[PDB]
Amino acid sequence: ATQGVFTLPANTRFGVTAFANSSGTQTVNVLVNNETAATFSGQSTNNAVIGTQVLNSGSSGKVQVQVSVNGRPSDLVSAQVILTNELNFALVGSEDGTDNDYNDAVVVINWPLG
C-alpha cells in the first residue's frame, strides 16, 4: 500500500521532525500541495534530529513524506495515531537497505500545535 501520505485538516499548522539511524546520509522531503515544502538531511547512527519545522497542511490537507539515500528512494512504513480524540501523530519509518529495521530515517508529524 501507499505509505507516508496523511490527510490532515486543511490549512492547518503541523510539526514535522526527522531522526537519522543509518550509515547512509538521509534526505527527507516533506510535501504539501504536492510539492517539496521542507528538506532535512544528515547522517547519524544515534538518532540525530536532522531537521524540524512547522508547516501548513495546504489546500487539501494532504501531507507526504519521501526519503532517499544517495538518490535511491527508501521503502516506507507509516501510521496515524490519535490520543484522547484530540492529539494526532503521523509516523513514518524508512528502510535504505536489507536489515529491515525501518529506522534509517524516522519522521514524526504532530498536530494541533500551539
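Note that the rigid core is defined as the largest set of C-alphas that superpose within 1.5 Å between two forms. The first residue of the sequence shown is number 1, and the count goes up from there.
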| query | finding |
| --- | --- |
| Farther-lying stretch by C-alpha RMS in 8 other deposited structures of this protein (rigid core fit) among 55-63, 23-31 | 55-63 |
| Greater mean Cα temperature factor according to the PDB record, 70-78 or 46-54 | 70-78 |
| Highest recorded Cα temperature factor - choice among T39, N88, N34, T84 | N34 |
| C-alpha B-factor winner, where the candidates are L113, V5, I109, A1 | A1 |
| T17 by Cα B-factor - lowest, middle or highest third of the modelled chain | lowest |
| CA B-factor placement of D96, once the chain's modelled residues are sorted into thirds | highest |
